[PDB]
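Architecture at a glance
The primary structure of each chain is shown beneath.
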Amino acid sequence: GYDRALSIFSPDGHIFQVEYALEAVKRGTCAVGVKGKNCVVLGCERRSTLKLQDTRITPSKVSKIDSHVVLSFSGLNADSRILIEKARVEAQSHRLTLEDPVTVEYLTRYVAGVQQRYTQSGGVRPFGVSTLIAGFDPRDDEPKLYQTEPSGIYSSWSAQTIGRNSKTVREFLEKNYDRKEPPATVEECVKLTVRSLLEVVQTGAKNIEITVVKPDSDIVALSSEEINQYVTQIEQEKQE
Amino acid sequence: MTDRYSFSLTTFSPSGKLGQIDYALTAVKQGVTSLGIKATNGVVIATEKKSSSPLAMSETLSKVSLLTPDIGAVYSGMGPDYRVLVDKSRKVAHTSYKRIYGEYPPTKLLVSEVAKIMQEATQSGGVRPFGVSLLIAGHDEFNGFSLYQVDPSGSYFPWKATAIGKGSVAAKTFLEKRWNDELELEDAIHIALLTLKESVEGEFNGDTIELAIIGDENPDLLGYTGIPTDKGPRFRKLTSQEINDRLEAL
Amino acid sequence: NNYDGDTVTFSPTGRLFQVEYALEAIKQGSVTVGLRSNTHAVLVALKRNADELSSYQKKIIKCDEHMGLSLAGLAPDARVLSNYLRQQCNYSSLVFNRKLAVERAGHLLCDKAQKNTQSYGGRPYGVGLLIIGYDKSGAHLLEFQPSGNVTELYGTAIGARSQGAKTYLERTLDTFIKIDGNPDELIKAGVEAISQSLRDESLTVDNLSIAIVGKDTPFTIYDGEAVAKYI
Amino acid sequence: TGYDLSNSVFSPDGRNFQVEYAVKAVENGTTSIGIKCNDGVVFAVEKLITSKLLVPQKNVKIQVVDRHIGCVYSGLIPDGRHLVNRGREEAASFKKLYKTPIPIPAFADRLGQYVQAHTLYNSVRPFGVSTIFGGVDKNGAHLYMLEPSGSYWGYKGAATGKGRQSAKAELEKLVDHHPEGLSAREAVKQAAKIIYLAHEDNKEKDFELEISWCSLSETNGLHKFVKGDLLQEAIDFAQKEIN
Amino acid sequence: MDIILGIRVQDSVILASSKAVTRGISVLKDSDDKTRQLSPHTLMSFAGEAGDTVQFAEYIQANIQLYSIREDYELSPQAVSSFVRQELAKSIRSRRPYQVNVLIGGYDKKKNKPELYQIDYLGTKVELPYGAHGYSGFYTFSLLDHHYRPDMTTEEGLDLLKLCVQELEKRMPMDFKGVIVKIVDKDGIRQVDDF
Amino acid sequence: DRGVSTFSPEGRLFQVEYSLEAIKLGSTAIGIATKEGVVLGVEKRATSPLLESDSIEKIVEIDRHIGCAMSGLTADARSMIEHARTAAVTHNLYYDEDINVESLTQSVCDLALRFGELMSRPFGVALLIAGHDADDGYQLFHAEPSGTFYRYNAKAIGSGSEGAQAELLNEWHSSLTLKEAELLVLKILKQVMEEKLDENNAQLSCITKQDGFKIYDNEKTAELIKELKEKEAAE
Amino acid sequence: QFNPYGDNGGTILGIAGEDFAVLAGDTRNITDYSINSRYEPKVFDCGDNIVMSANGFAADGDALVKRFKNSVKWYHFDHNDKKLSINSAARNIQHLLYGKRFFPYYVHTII
Amino acid sequence: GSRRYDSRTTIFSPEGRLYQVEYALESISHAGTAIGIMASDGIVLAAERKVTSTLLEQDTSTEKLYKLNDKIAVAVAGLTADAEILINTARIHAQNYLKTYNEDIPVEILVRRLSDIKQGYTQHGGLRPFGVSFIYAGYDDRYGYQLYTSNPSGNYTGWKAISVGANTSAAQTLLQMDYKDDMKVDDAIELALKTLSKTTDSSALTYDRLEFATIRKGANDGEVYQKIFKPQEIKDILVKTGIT
Amino acid sequence: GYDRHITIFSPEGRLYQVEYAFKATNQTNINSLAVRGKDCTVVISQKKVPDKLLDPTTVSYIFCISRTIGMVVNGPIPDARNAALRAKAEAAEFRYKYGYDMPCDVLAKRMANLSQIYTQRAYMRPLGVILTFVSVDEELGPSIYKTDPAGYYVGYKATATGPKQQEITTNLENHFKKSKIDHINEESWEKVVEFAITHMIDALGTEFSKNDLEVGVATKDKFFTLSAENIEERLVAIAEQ
């Protein structure tokens with residue numbers, strides 16, 4: 001097979017193929033997640049320079065890995081399908097041998113391992129993808145939110161954003177997220193999430209997806225209207 | 001040892017060209033003119049048998065090859081690339097078809113097989129594209145007579161008539177002028193012998209011209225009798241003599 | 001220059017620069033000395049630490065009861081090579097019930113080193129080895145270079161400033177070659193030779209490593225308090 | 001250009017520069033020779049004594065293949081060793097299938113094709129040795145010399161290394177002055193002289209002589225090293241002629 | 001293992017499956033659920049070789065669950081049965097074939113029809129109104145041939161099953177320790193907890 | 001390019017020397033060895049206030065008598081840890097005994113030069129492996145991507161290392177109690193750390209023959225931090 | 001058909017005292033009704049103060065003893081000349097034996 | 001060794017783009033335009049051949065529109081020979097699905113696998129990507145009518161109407177302008193031809209320079225018919241919309 | 001400039017490595033020639049032994065491929081031997097598989113096909129040789145077929161190869177223009193051999209002694225080479241003529 005070491009060290013101590021994979025993540029549409037008291041909300045930008053799209057059938061940005069865990073990402077889309085597929089298989093394999101679904105920490109650790117392996121295997125380039133993985137461990141009501149990046153490092157977040165202009169929205173989240181007081185309901189948590197995307201997005205038109213995940217495999221996607229009501233209510237308060 | 005070349009040698013340039021297919025086509029351009037004309041009841045493929053020395057025996061260098069008893073081919077470009085393709089084309093006709101269905105493949109499919117081989121030389125690790133363009137003329141029961149052109153990229157097109165190689169632009173316009181949809185095979189042979197004369201500089205006779213037809217079934221050419229449904233090959237190579245008779249009433 | 005991208009390229013004068021750079025790594029390595037009489041063969045090695053808080057990298061490795069080596073240069077490579085040698089000794093024992101001749105140990109290392117200098121992808125080993133042994137034809141000392149070249153010697157030294165010891169031994173040749181039936185003198189003569197290679201520091205107790213094999217001595221290693229006797 | 005940075009690339013001359021560069025490594029080595037005689041062949045080589053610490057008689061350079069073939073080489077010593085190992089495998093395989101020990105012409109081509117094979121790809125390096133070898137088979141005696149390119153021929157005498165030109169001259173003399181045949185014991189002496197003569201081009205360092213031979217009458221066809229009194233005798237005959 | 005039956009009535013599919021797990025001269029367990037849920041409206045019962053049955057069942061289950069997640073869609077009972085048959089048909093020509101017989105009872109939400117499939121370890125598949133694997137059939141097929149009707153209510157179905165299980169308890173030589181009964185209908189899968 | 005396995009003309013392996021640059025960029029990690037135990041501490045170095053710092057794991061258990069701290073590209077250590085744990089548990093299965101700290105370390109270092117044209121590049125992480133065995137007692141080792149390991153009485157690795165190492169050269173004596181060392185690690189960490197040291201952006205652990213390898217709670221470390229502030233004010 | 005096993009007879013015995021242990025075997029080696037050797041020892045010193053005997057099919061026993069002696073050698077090589085404790089030796093021998101679970105060493109082993 | 005001659009087809013530019021995918025897309029933009037328009041009662045595929053000669057045999061020809069199965073077809077822009085490699089892959093995959101589940105492959109599942117293959121060539125194996133972009137047009141009883149596209153990167157998206165190949169930027173604006181959701185096939189047929197007419201780089205649009213197909217449920221009752229247009233039918237539809 | 005180092009197309013559609021391999025063809029500075037009799041095919045090549053230390057009997061570029069096929073190589077010996085061993089192996093296998101002796105033209109095609117491959121696949125360099133195969137084929141009669149590094153092959157009335165190939169070629173064309181036939185109209189091979197050396201001398205303008213030449217003859221059922229003494233006898237006859 002094709003042998004070449006594509007991920008190697010440079011004299012300053014950097015691995016440029018990994019670092020350039022982050023650049024692709026940087027170019028991807030924004031993604032964000034905020035954990036409430038009793039829920040985790042994943043929200044995603046969808047780029048608007050593309051009308052004539054069919055949204056019943058175009059790949060949705062948040063993906064179910066199991067019935068209790070979800071994954072969103074920023075970066076190369078085709079790359080993300082590979083990580084999603086592997087994670088879903090790992091999820092089913094885990095249930096089979098342990099007789100219990102994956103913890104969010106474990107499933108994160110898996111995806112992260114896959115990503116890292118592609119940074120010191122010959123003949124492969126790293127994944128141009130960073131992920132947000134969110135959900136609730138089986139029989140547990142504490143929300144979880146983790147982030148991965150092409151290097152294979154992963155960690156837990158009270159809230160976090162990846163993709164283009166994710167810096168601007170981390171700014172917003174850093175000044176608007178009280179660790180002492182996390183959004184005490186769904187309603188509030190969704191609100192903070194849409195607010196932060198509206199720092200970067202546009203009209204809150206067909207430009208924002210929101211998924212809400214709750215304890216015991218309770219996941220639901222919001223519709224245009226539902227999202228719109230949040231966008232409407234946010235700007236009316238803005239004339240102040 | 002072994003192939004350490006497991007990466008493609010044909011890649012996209014920033015302008016979108018595939019350098020090596022382009023260059024292979026350049027090589028075909030320098031090749032000697034060959035052509036094909038489709039008649040209502042036949043096909044003719046013809047080319048110039050340009051020689052190596054007067055000491056070579058050019059009957060041994062056959063540029064027009066039988067693939068199946070109803071398909072023939074001819075080319076322009078690098079002759080040795082052609083030679084191995086004719087070997088591979090004949091085999092795939094058996095392996096991937098006749099051995100499965102008990103009959104020879106139809107022209108379009110065999111062409112597709114050949115084209116597939118040529119495409120792989122355009123993407124696999126550590127090879128260059130083939131430096132030929134082929135013209136394949138065949139007949140099958142449900143499709144009738146056909147003529148195809150296969151390029152180094154693996155692309156193929158069906159033609160009423162065309163020419164490839166050296167003086168092909170000249171040849172193609174000459175053909176446009178005299179091709180109609182009622183040409184009887186003998187007429188198509190006439191036109192081909194005329195079109196080839198333009199591009200042939202030296203001697204022009206039955207020894208300097210290779211030419212073959214996909215026409216009527218040839219029962220005298222079958223080798224055996226007693227099966228009424230086996231009627232003989234439709235491919236026939238014209239003899240040195242047969243070409244010359246046609247050249248007197250030119 | 002343009003001819004040092006890998007081991008599979010000859011320079012225009014006929015040199016293999018990757019081999020030569022491997023040879024260079026030996027030169028940076030700490031000094032070690034070999035010498036032998038007709039009854040024993042001794043290794044003396046100066047060890048190197050990282051700083052005042054660290055250990056002193058061991059340089060002597062045992063290969064069989066009757067054989068062993070000392071290393072100068074890349075330590076992991078000496079492990080790969082000593083481990084290989086341990087097998088070859090082991091294979092000779094198990095299959096033939098025969099202790100592996102030291103001369104053969106030489107040929108086997110040479111041939112192993114050479115493979116890594118003629119194929120794309122590889123790199124030469126970056127360590128120099130001194131093999132001592134006592135076999136069916138007496139005491140022996142060998143110098144291995146990762147060029148593949150192996151030579152039998154009465155004595156020699158490799159590493160940084162090994163030249164001092166290497167002249168000293170050349171001078172003392174006829175004295176030490178006849179320290180037969182005496183361990184502690186062949187060692188003394190070794191410790192003296194390795195002294196010709198020191199600068200701004202001399203031999204302490206957790207700094208000097210000494211090995212001996214011969215007629216009625218299994219290859220054994222002395223360290224720490226067992227070598228204070230010789231400082 | 002850049003035609004010399006990769007083995008098996010043709011230059012526009014038509015040459016493969018990496019093989020030519022390998023030769024430079026060979027030309028750089030010590031001298032070795034072969035003399036074919038009445039019923040055998042003789043090999044000898046120059047062993048530079050770099051220091052007083054080298055054990056004499058104890059760094060043997062001539063190698064045997066099977067029971068009847070001698071090989072000697074100049075250049076990169078471990079490459080030559082590698083080549084003999086292949087030769088040894090080739091000889092073992094031949095004898096296993098055919099019973100008879102491998103003929104010397106047959107043996108030459110085994111090494112020939114294997115060395116040639118290392119001029120065929122960019123992922124191996126050509127051999128950095130010239131190899132003189134030969135022995136006695138059912139068709140008499142044979143001496144051969146093989147280069148990095150894989151080229152080889154039959155020889156009356158042969159020489160390679162730093163003293164090759166000098167040695168060659170001396171050899172042509174012997175071929176002219178003995179048109180009927182040099183004897184086995186005669187040729188041993190001659191080899192001693194010629195290594196001594198061709199040591200001139202390498203004289204800073206002094207050396208150790210090493211000789212070996214196969215003779216149908218003197219060794220019964222087998223390869224033996226010349227040692228003891230017979231070696232001293234030729235070390236002497238050589239001392240004479242260099243004064 | 002041993003006893004597994006299924007009846008498709010008007011609106012639902014009912015699977016009954018014996019509870020004993022016998023090994024040698026000991027009944028090791030008398031409450032064994034010889035079933036897996038492959039998707040919300042598809043249930044598979046199984047009987048056969050020790051180890052093979054559960055290993056096969058769970059393997060299928062995981063595969064179907066993987067399909068459900070990937071496509072966010074429930075496969076039809078017809079498709080799941082066809083997948084399962086193929087798996088078994090591969091297995092029969094393996095180095096070691098699975099020795100497992102299955103009944104797949106599902107409710108097709110696109111057609112609103114109950115569907116029952118009988119598939120043996122060779123990969124023989126048949127759609128039936130009522131099925132049985134092993135020796136059970138030798139008693140129950142004739143009894144169902146008589147009393148079964150295609151329009152029966154789930155209620156009538158269960159009584160028709162009681163009849164089967166009684167006949168089996170009368171004439172079968174072994175003690176199969178009763179059945180666990182489940183109903184697959186438009187509202188998924190539930191287990192009758194008193195039989 | 002040129003071979004991944006190439007030597008420089010100085011006689012060093014490029015890719016190894018470069019992986020050493022990556023390690024210098026890693027967060028600090030320090031180990032101190034006493035006759036009462038070995039102590040491991042790391043700088044967590046959270047990249048933003050939203051990141052939950054207890055999810056940062058740079059101190060890891062290999063066996064109950066062996067612990068590990070890391071510095072550099074920490075995703076690279078997952079597989080080294082995995083190898084270590086398997087080696088430890090495997091050795092125990094074959095021999096019904098605890099695996100020696102030097103042996104484990106050698107096993108881990110064996111992986112390290114396994115790369116080229118085996119993995120595609122060396123590791124971008126260095127490890128401090130701290131343990132106890134009944135043969136050589138309390139031991140601390142520095143495991144580099146070069147395949148080489150050194151035993152240390154104390155050692156620091158990462159960005160704070162050259163400064164921190166000199167400091168350790170001064171403070172370390174052969175009769176430090178464990179408590180002294182805990183404080184000594186906290187002290188040197190706070191010195192070299194970018195942000196102000198507290199019980200969230202640093203973590204402590206030790207391994208004693210009695211209770212094995214333990215990572216400390218934040219409560220436990222928070223008070224050792226207080227104790228160190230007080231002791232330094234008081235002279 | 002070829003039967004790869006055979007019985008070389010003999011018997012062995014081991015008793016443990018408070019600060020000592022013994023391993024005894026007879027020195028006769030037989031096949032069928034024939035004596036092969038009247039003195040062919042089958043109890044061995046394996047180093048690190050372990051004595052071993054693998055009685056049964058001599059070829060299998062000799063192989064096991066050979067392999068274990070080598071195990072002791074490599075244990076020193078790999079673990080800084082550490083002494084192999086009897087409990088460790090025994091576990092390591094279990095693995096040698098069970099490694100041929102499906103083509104067994106035909107021997108009763110005692111250390 | 002051979003490393004010196006290796007393009008490294010699967011690497012990242014400093015900006016984080018895949019050079020070869022980028023260049024393959026630039027390559028595709030010189031290919032004949034293809035258009036897909038999805039109506040409430042069917043789907044239209046329309047494509048412009050690469051500049052045809054007069055001697056070319058127009059009726060025993062395919063270059064642009066291929067059949068995957070009875071419910072799905074594609075329109076090709078890029079290398080015809082690359083395209084065929086992927087088409088026979090796609091056809092097979094459709095047949096394994098039918099054979100496994102005894103149901104026809106849902107359109108997206110087929111599209112995803114084909115796109116995953118493409119993605120493969122951009123992350124490992126050091127070969128050049130496929131120089132092909134696809135418009136998938138097909139029907140299944142889960143989503144009804146569907147239009148997708150995929151490109152050399154392995155990325156795919158669903159559409160109401162879309163173009164690939166040459167002048168897609170022009171062609172897309174014109175579709176964006178005149179498309180509406182309630183639209184019927186014959187309107188879509190009209191839009192398609194009008195768009196190609198305006199974006200063609202040729203003098204006028206003629207039947208011999210076009211491939212055309214419709215996927216309707218306009219056979220008999222709740223089942224789906226594919227129609228690859230013969231050259232006579234294309235000439236008629238071109239007069240019948242007053243383009244000639 | 002790497003489109004010159006491996007076997008890929010240059011922008012003008014050329015393969016430089018193949019062209020450079022043709023230049024290595026002449027690098028031994030030897031000329032060869034072959035002609036057909038009625039009964040035979042004769043091949044002669046120059047023999048140049050420059051070193052006095054070489055054993056002249058081992059210096060050859062003519063090979064006996066099978067009992068019926070001979071082959072003379074123009075090019076470096078190591079590539080030449082490589083080609084010879086392969087053709088011997090290929091010709092032996094063909095007999096085994098198909099039950100009849102491999103024809104000259106078929107072996108030529110086979111060796112040309114292998115040669116083609118090195119011009120397409122990049123890890124293999126072309127061999128720097130031209131192979132001239134000769135037999136008296138049991139079907140086609142006396143046969144001359146020739147291969148080059150381009151992978152090209154064709155049959156000949158007669159041919160020549162080497163540095164002075166064109167002179168020998170025209171010299172030969174001119175003979176056949178005259179004679180008006182396809183071969184040397186001669187009963188014995190001895191006189192066809194004589195013809196061959198004669199037209200070699202006139203074309204090169206040099207005289208040959210018995211050790212400046214090398215001759216191979218193919219008749220029905222055997223191909224053999226000549227000794228210095230068989231050649232001597234042949235030269236003698238030409239002199240007294």
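Residues numbered from 1 in each chain as written, not as in the entry; some residues may be left out. Chains lettered and ligands numbered in written order. Part of a larger assembly, values for the part shown. Heavy atoms only, no water.

This entry lists X-ray crystallography as its structure determination method and reports a resolution of 3.00 Å.

Some words on the overall build of chain F
Within chain F, the regular secondary structure consists of six helices and 10 strands. For a compact globule of 235 residues, the expected C-alpha radius of gyration is about 18 Å, and chain F comes in at 18 Å, within 12% of that figure. Over its C-alpha atoms, taken along the principal directions, chain F stretches across nearly 60 × 45 × 35 Å. Burial status across chain F gives 61% buried among its 235 residues. Summed over its atoms, the accessible surface of chain F is roughly 9600 Å², and 47% of this surface lies on carbon and sulfur atoms. Charge-centre separation for chain F: the mean point of 24 positive side chains lies 2 Å from the mean point of 40 negative side chains. (Helix = DSSP H or I, 4+ residues; strand = E, 2+ residues; numbered from the N terminus. Rg over C-alpha atoms; globule rule 2.2 N^0.38 Å. Buried < 20%, exposed > 50% of the residue type's maximum accessible area, 1.4 Å probe, protein only. Areas by Shrake-Rupley, 256 points an atom, 1.4 Å probe, with all protein chains shown as cover. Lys, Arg positive; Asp, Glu negative; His and termini not counted. Charge placed at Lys NZ, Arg CZ, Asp CG, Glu CD.)

Here we look at the interface of chain A and chain H
The figure often quoted for interface size is the accessible area lost as the parts come together. Opposite the 31 residues of chain A that make contact, chain H presents 41 residues. Summing both sides of the interface, chain A and chain H together bury roughly 3000 Å²; the carbon and sulfur share of this comes to 55%. The partner of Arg81(A) in a salt bridge is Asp116(H), with the nearest N and O atoms 2.7 Å apart. For the interface between chain A and chain H, the tally reads 18 residue pairs in polar contact. In terms of residue count, the dominant contributor to the side of chain A that touches chain H is helix α1 (residues 16-27) of chain A (six residues). Grouping the constituent residues of the side of chain A that touches chain H by class yields 16 nonpolar, six polar and nine charged. (Contact = heavy atoms within 4.5 Å. Buried area = accessible area lost by both parts, 1.4 Å probe. Salt bridge = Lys/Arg side-chain N within 4 Å of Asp/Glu carboxyl O. Polar contact = N/O pair within 3.5 Å; in protein donor to acceptor, adjacent residues only side chain to side chain. Nonpolar A, V, L, I, M, F, W, Y, C, P; charged D, E, K, R; others polar.)

Overview of the sheet that holds strand β10 (residues 212-215) of chain F
Residue and element names in this part refer to chain F. Strand order in the open sheet formed by five strands is β8-β1-β2-β9-β10, and the pairing between neighbours is antiparallel. At either end of the open sheet lies a strand with only one pairing partner, and these are β8 (154-157) and β10. Put simply, the sheet's adjacent strands are angled 10° from each other on average, direction ignored. Relative to strand β2 (residues 37-43), strand β1 (residues 29-34) is paired through six bridges, and the arrangement is antiparallel. Residue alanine 33 lies in a different strand from β2, and its bridge partner there is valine 38. Those strands touched by helix α4 (residues 161-171) are β1 and β8, and its axis lies near 165° from that of β8. (Pairing = 2+ DSSP bridges. Axes fitted to C-alpha atoms, helices over the stretch in contact; angles between N-to-C directions.)

Section: the arrangement of the chains
Of all 18 pairs of chains sharing an interface, the pair with the highest contact count is chains A and H. There is a clear gap between chain B and chain F: no contact, and 11 Å between their nearest C-alpha atoms. What separates chain D from chain G at the closest point of their C-alpha atoms is a distance of 28 Å, and the two make no contact.

Details of the packing of aromatic side chains
Within this structure, the stated rule accounts for 46 aromatic pairs over all chains. A centroid spacing of 5.9 Å and a plane angle of 65° characterise the contact between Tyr3(D) and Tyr20(I), whose relative ring orientation is edge-to-face. Here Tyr20(I) lies in helix α1 (residues 16-25) and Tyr3(D) lies in the segment before α1 (17-27), a pairing that spans two chains. There is no split in this pair, since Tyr3(D) and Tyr20(I) are both buried. Centroid distance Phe107(D) to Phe133(D): 5.6 Å. Interplanar angle 85°. Geometry classified as edge-to-face. In this pair, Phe107(D) is assigned in helix α3 (residues 104-117) and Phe133(D) in strand β5 (residues 129-137), connecting sequence segments 26 residues apart. (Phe/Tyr/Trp six-rings, centres within 6.5 Å; stacked < 30°, edge-to-face > 60°.)

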